[PDB]
Amino acid sequence: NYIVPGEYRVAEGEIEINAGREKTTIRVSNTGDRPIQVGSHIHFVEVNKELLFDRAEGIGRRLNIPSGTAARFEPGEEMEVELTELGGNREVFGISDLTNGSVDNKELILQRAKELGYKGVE
Amino acid sequence: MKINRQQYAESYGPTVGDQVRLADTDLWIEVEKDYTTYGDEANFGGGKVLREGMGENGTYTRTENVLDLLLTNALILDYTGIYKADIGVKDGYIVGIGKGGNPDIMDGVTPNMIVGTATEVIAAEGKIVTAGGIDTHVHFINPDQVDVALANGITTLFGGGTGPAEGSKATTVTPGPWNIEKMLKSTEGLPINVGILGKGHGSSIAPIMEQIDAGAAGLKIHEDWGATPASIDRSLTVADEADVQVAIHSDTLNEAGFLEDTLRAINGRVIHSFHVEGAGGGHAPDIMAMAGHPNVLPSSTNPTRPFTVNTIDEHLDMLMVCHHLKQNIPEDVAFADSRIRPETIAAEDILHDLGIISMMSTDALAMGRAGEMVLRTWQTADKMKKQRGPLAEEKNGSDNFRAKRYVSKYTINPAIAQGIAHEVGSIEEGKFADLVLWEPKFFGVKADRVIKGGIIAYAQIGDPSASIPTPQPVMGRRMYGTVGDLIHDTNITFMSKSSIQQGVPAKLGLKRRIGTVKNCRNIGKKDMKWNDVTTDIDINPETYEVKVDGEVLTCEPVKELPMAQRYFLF
Amino acid sequence: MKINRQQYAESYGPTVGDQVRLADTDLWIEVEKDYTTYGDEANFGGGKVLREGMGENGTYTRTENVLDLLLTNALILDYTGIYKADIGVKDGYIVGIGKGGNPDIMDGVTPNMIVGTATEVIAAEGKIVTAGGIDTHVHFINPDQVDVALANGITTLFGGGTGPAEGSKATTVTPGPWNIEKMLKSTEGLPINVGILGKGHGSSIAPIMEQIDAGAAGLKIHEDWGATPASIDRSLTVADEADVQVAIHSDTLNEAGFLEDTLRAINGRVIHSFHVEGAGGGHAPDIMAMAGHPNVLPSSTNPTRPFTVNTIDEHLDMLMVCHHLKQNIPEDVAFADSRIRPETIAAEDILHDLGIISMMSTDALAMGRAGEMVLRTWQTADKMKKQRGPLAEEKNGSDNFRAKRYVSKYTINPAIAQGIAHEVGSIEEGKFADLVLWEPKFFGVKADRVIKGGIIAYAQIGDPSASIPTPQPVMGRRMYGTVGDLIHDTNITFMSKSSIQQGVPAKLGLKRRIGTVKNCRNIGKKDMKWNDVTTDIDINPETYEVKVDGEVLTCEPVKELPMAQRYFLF
Amino acid sequence: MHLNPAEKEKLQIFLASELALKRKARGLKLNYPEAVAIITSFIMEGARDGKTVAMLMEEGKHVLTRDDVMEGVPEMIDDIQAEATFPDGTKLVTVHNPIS
Amino acid sequence: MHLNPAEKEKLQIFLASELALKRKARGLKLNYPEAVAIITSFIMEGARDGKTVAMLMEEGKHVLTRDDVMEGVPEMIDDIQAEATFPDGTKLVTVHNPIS
Amino acid sequence: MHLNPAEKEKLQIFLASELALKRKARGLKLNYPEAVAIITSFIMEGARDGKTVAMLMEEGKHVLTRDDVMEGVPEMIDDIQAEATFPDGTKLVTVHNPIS
Ligand code: NI
Ligand code: NI
Ligand code: NI
Ligand code: NI
Ligand SMILES: [O-]
Ligand SMILES: [O-]
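Residues numbered from 1 in each chain as written, not as in the entry; some residues may be left out. Chains lettered and ligands numbered in written order. Part of a larger assembly, values for the part shown. Heavy atoms only, no water.

- The name the PDB entry assigns to chain D is Urease subunit gamma, from the organism Sporosarcina pasteurii.
- According to the record, the entry carries the title "1.50 A resolution 3-methylcatechol (3-methylbenzene-1,2-diol) inhibited Sporosarcina pasteurii urease".
- As recorded by UniProt, the Subunit (unreviewed entry) comment attached to chain D reads in full: "Heterotrimer of UreA (gamma), UreB (beta) and UreC (alpha) subunits. Three heterotrimers associate to form the active enzyme." (UniProt positions renumbered as here; feature names shortened; annotations may be inferred.)

- Chain B appears in the PDB entry as Urease subunit alpha from Sporosarcina pasteurii.
- Taken directly from UniProt, the Catalytic activity text for chain B runs: "urea + 2 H2O + H(+) = hydrogencarbonate + 2 NH4(+)".
- Quoted straight from UniProt, the Subunit entry for chain B says "Heterotrimer of UreA (gamma), UreB (beta) and UreC (alpha) subunits. Three heterotrimers associate to form the active enzyme."

Structure, rendered in structure tokens:
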């Protein structure tokens, strides 16, 4: 019966994020010499050119991490990350200008990524 | 990926089934539903969701379903529900309650809640958000009263007065066309919504009606101007023609009639009964019986709320000092004893809990505290839980039923009573964006941020010279919504239909938003949200005991309240 | 008749060759030239020179070469020189710098500096007079920040915000047409010059450009809204069309690119790089390399200025608290360690001294102090004299070269960067009369009098009930320039050419002077007065050591500063 | 601290009371505003202590006597009023004829 | 004196601290604003004394303990922040969880 | 109390003086605004005591000495002025070169 003003009494259980969406695990390497931190909702194929991964596996996806959190890659660090699928209309505009439309246009996204030197177009 | 519920609530605020304590009370509110999509919650900052191409849309112009403001992750407490949502504001109004963000990449985005280039963000995660309080018993005595009201989450002041004149010190009255015009001009500088009451006194229609045509939003009948059968009748004839509300402070002295005579003069017409318990004024000792009737919209004023061990000693002396009464003049003592009654004050706590008194109000600077309407509402609800138990209607161990009954008393019900609920009084789509953010630890005590017409007007914020805004001293301060010409767009002057049709705003050069008073004359007790009970209230003329359904309504006064010495420096 | 130099300086202020200490620093400024005629100095009072038929002309009407105001015997400190002159103001503008008085009887009177019936007098003998400070990194969070800025000699605030909303607490952004309109109206009540930045984020031109057409004066690109290649590119395409400046807070996280990617998106276009050292934000760890490039206009914010023994402990904790970072989460600690770097903060002191960082600014209430831009400029110059010695360019044992290099950083250079140097930023004929008088003992600490558009707006002055104005308590107070409608004529709202052409001032009812932003897109580092150095800055990604011309830039933090505990009550 | 407008104003009463108490301690007969400040601060500190409104109506009549104040001051002060936060919330105290 | 706006405001913190210290001295458990005022004034007086930001981050955790304050007050105060003029100019002090 | 604007402002001087006197008592050399506050409050308390303007012009030169204040403070203070209510109404006191 000690009173903490404004305290929460949360219910039992756990919150599943991104429920019902396909999950994909990929290896990602920071080939650069400065740290790279990647937010939960950036279209994964459009991250920093010096991150090396299978760029095709980032298309239409983002990190499967809590909204507003980020994954950190120290210089030279390689690690596995889990991706989830983008929702809504599955369209991306701006960011690195690799998509500007449907994420379904994989050949066009990868052609742009390869021309501009985004590592890992295979 | 799963997040446990403690970590989820700390990051995004609470979700379905989670409970939150209201300040240091024994009251718990439970999240009833949540509009989010888990994993796509909106949030703002470094590496966060509301960034261009991500949770912020980079394509759409402002007109294309984009918001001016998104409040993220709000716990709404309203007569409509206790639930988790994002709140979208545009053109100063609430346009969307749901889920904000970017339909490009997020599931479940409410279609008119796009975060775009034009959108400002307020983080409401971990905050309780309510409608601004609607105070319908304001004496305009001291302009310093406006910040007092804003600091406790009040956004609309209805009442009257010209400053510290004796008529204004006693009565919520701005009398006559000239005083009304002068106070409408004064209002251009007050950073709060305002409606002005004229004098509800006269035996001819024209002297009363000319106040409504001059820009009054309603009338006040007060015994200090003669609360006679004639004044009551003429005021209600005017109100029925003009579609404005009448408030009454009845004939305490029973000089021209008893309560039944006042009810006969009203003749079934809609009326707002102020301080219905009667310590603040009215037919001695039985005025509170008004609250049983279907044509009465009944409010309390705040100093009797709730019944405490210092209440009677405080009120008897206050009444003697304010009426220049002498402790050695037996008529003066008899009058005070007939007006300040523990029997009716204790029953008033219970009538609030039963939904028989529908509204709270201040009586600011006449017999009430400008900054304690919200405070004392929750202290009453807490006292009733502690003395009467959870209401029968509760489930899950939450106090949601009581919380909706009590929040209604200072938000939606005053707005309905005054004819202004099309504009203010609740968190609903299409209403003006008057919103109060509360930290739960300060809920009902000190507002965090007060939003007026979609811009912050008042905030608890720190040192203006500091690197960041949180260093001491943290105090209530007027924000940019109050500055320059923005005070015009963030606040509403409520006026009669006739004054608006006759061009009073243009005549006086009023630049504020003009709100229309309407749909005041058609309503009754049945229209008071969560507080719609009609019943025969019996007040024993010998003992002052109050009975409803054959049962005496009594409770004990308390020695201590929450929302008191933990919080206040004085 | 000869006067020795001590007596002359005490009566008229210093003359050619005389030196003055700046506050309690080790910095001395020397009078380079003097416009007076010895024996015909202007002065005002009983039996003094500026009397009818004597130093005041009794013939000429106001239009006939007569001044509205003469500042007598000013020691001007400006990018243009350190020199002694009278300053003549008319129609709110500086019209003459030279010698004022009456050509009837005085030699050497500047022809448009006649003291006549229409002329007010300010005695500047023994005062240092500078241009008002131009702060280009202002978060509009708390209106109490305006007096803080005026008290330290700031007269123009460029930045953004809507009050204490999270978007505004993080970013100098007023987003979208509606928030911009609301803040232009708020600005009518702020007694300081203002320009508003819109959100520099989007992937389509129209959502960004509609902010410029609504009345924004520029844009801010901030990582919290997504400092992506697309947002950078669109913002600079808009800026190039609209002739307004873009400020950037780059992608600290290197999420979408490293510094070289941000520079490729900029593609040689002009940009203002905020807090270029990077503690305040930007590509970790090498953002400060921006300050080497010819298309970059680089500013510091003030909490890193200068490098002190408490700086790192203060900044690491500030960053952890403001970002909700946990001391036990290694990613959070790694992020903080990558952003707060003694190696780049120590080099920033030296890059200021070398003229490689051109500007100072506050970052008011986001990560910087509204009232310390001027203060910390001079503390930096003093620290650099003490650690690096007199600059090679100095002569006569004076610090005039350093004083012109440093005064430029908060006066003329921000004004050039923002496209407003036709109106403000220096003491020159034809510019708006925004002037700050300083007692040398308080120079850069507390302004004596702040003149806005030729009327005193703010002053350190005493008891308003006293026989005279100097009795205690002497404190900073708003003066008649801030009162009534005079606030409109003494202050400028800076707006885009397009909003002005489209009639936004008339649409919103703005009564302030309207200033046009222009000539922002043609300039570069070479246009920064006394601070025009381009060079290859190398930041070692492993050690964070900074090299220029093959030499490591490092200096020690100091335990004590001048302009600190001698002056401040807290 | 989250100071509201009343908390900010009422700090002034405490300060004026401290000033007046120093004047009384060095032997001065107190004037009208000094006497009002001392009795007012006493009431607000009493509420903070958890006294009742009735206790403070009694005690407030014994804080200063005639010989503590200048000629005429007792007759200038008909009553002193203060609102403060008691354990049961804000209440009004009126002290009648505080100095006989 | 040449008081600027911050100097004028921060006098209030010192005054509130003096008020709170008198309440503590007569045996009261302190409330939220009292506790905040005492710790804040301590930080600003420490800066005036020439302590470091690091010393004050440490000391500010030992100014008041649980048994000095009312139930719930320790859990209401997540941190107290003050800016003051150190020998090396204005700096920000944040005291984390000042009352355990 | 019926405070007028000057009475409200001049409470600040007393408060700043109390702050400065606590700093002096714990061994600090006082700064410019501290020194001004102490001498100003001394003048206004002297008027309240019923001293003459001439007595206070003399005494105000002996309230603080060189070794009470930081380097340069004596030369920063050319004079301190205060108005206060003497027994014969408001008068202006100017203390010339208060700290030698
Ligand atoms: Ni009444
Ligand atoms: Ni009333
Ligand atoms: Ni920044
Ligand atoms: Ni900033
Ligand atoms: O009333
Ligand atoms: O910033």
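1. A look at helix α2 (residues 32-49) of chain E
Residue and element names in this part refer to chain E.
Working step 1: Spanning 18 residues, α2 covers 26 Å between terminal C-alpha atoms, matching the ideal 26 Å at 1.5 Å per step.
Working step 2: Of all the 18 residues making up α2, 16 are buried; the element is thus mostly covered by neighbouring parts of the structure.
Working step 3: One or two positions beyond α2, positive phi appears at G50, with a value near 95 degrees. (Helix = DSSP H or I, 4+ residues; strand = E, 2+ residues; numbered from the N terminus. Expected span 1.5 Å × (residues − 1). Buried < 20%, exposed > 50% of the residue type's maximum accessible area, 1.4 Å probe, protein only.)

2. A closer look at the UniProt feature "active site" in chain B
Residues and elements named next belong to chain B.
Working step 1: Following the UniProt record, the feature "active site" maps to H323 here.
Working step 2: Counting through the fold element by element, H323 comes out in the loop between α8 (311-322) and α9 (330-339).
Working step 3: Given a relative accessible area of 37%, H323 falls into the partly exposed group.
Working step 4: Apart from the residues within four sequence positions on either side, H323 is in contact with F335 and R339. (Contact = heavy atoms within 4.5 Å.)

3. Brief notes about the sheet that holds strand β5 (residues 51-52) of chain A
Working step 1: Strand order in this open sheet of 4 strands is β5-β3-β8-β6 (chain A), and the pairing throughout is antiparallel. Each having just a single partner strand, β5 and β6 (61-63) of chain A make up the two edges of the open sheet. (Pairing = 2+ DSSP bridges.)

4. Some words on the interface of chain C and chain A
Working step 1: Facing the 23 residues of chain C at the interface are 22 residues of chain A.
Working step 2: When the area that chain C buries against chain A is broken down by residue, the three leading residues are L253(C), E255(C) and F258(C), summing to 35%.
Working step 3: A salt bridge links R34(A) to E260(C), with the shortest nitrogen-to-oxygen separation between them at 2.9 Å.
Working step 4: Taken together, the connections running from chain C to chain A amount to 9 residue pairs in polar contact.
Working step 5: Of the residues belonging to the side of chain C that touches chain A, the class tally is 11 nonpolar, 5 polar and 7 charged. (Buried area = accessible area lost by both parts, 1.4 Å probe. Salt bridge = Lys/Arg side-chain N within 4 Å of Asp/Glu carboxyl O. Polar contact = N/O pair within 3.5 Å; in protein donor to acceptor, adjacent residues only side chain to side chain. Nonpolar A, V, L, I, M, F, W, Y, C, P; charged D, E, K, R; others polar.)

5. Examining the coordination of the nickel ion (ligand 2)
Residues and elements named next belong to chain B.
Working step 1: Around the nickel ion (ligand 2), the protein contributes the donor atoms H137 (NE2), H139 (NE2) and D363 (OD), at 2.1 Å from the metal centre.
Working step 2: Taken together, the 4 donor atoms coordinating the nickel ion (ligand 2) span angles of 83 to 152 degrees at the metal, a pattern that classifies the geometry as irregular.
Working step 3: Between the nickel ion (ligand 2) and the nickel ion (ligand 1), the interatomic distance is 3.7 Å. Here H137 and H139 have matching classes, each one buried. (Donors = N, O, S within 2.8 Å, 3.2 Å for Na, K, Ca; no water. Tetrahedral: all angles 85-135°; square planar, octahedral: opposite > 155°, others 65-115°.)

6. Some details on the coordination of the nickel ion (ligand 4)
Residues and elements named next belong to chain C.
Working step 1: Within the protein, the nickel ion (ligand 4) binds to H137 (NE2), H139 (NE2) and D363 (OD); these donor distances fall in the range 2.1 Å.
Working step 2: Geometry at the nickel ion (ligand 4) is irregular, judged from its 4 donor atoms and the angles of 83 to 152 degrees they form at the metal.
Working step 3: We note that the donor set of the nickel ion (ligand 4) lies within a single chain, spaced as H-x1-H-x223-D.
Working step 4: According to the relative accessible area criterion, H139 is buried, its value standing at 1%.

7. As for the relation of the copies chain B and chain C
Working step 1: Least-squares fitting of chain B to chain C yields an RMSD of 0.0 Å, with the superposition described by an axial translation of 0.0 Å and a rotation of 120 degrees. A rotation of that kind, with that shift, is consistent with a three-fold axis. Within chain B, the C-alpha atom positioned nearest to the axis of rotation is that of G484(B), 6.3 Å from it. (Least-squares fit on C-alpha atoms.)

8. With respect to the interface of chain B and chain C
Working step 1: Across the contact, 49 residues belong to chain B and 59 residues belong to chain C.
Working step 2: Between chain B and chain C lies a buried interface of about 4,300 Å² when both sides are counted; carbon and sulfur atoms form 59% of it.
Working step 3: Here chain B and chain C share 6 salt bridges between them.
Working step 4: Ionic pairing is found between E56(B) and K199(C), a salt bridge with its closest N-O pair at 2.9 Å.
Working step 5: Applying the counting criterion to the chain B and chain C interface returns 34 residue pairs in polar contact.
Working step 6: Those elements that provide at least two residues to the side of chain B that touches chain C are β7 (120-123), β18 (455-461), β19 (475-478) and α14 (486-489) of chain B.
Working step 7: For the side of chain B that touches chain C, the per-class residue count stands at 20 nonpolar, 16 polar and 13 charged.

9. A closer look at the pairing of strand β9 (residues 133-139) of chain B
All names here are of chain B.
Working step 1: Of all 7 residues making up β9, 7 are buried, and the element is well covered by its neighbours.
Working step 2: Strand direction decides the pairing type here: β9 and strand β10 (residues 154-160), joined by 5 bridges, are parallel. Paired with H139 across the bridge in β10 is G160.
Working step 3: For the segment spanning β9, helix α2 (residues 145-151) and β10, crossover handedness is right-handed. (Right-handed = clockwise from strand over helix to strand, strands pointing away.)

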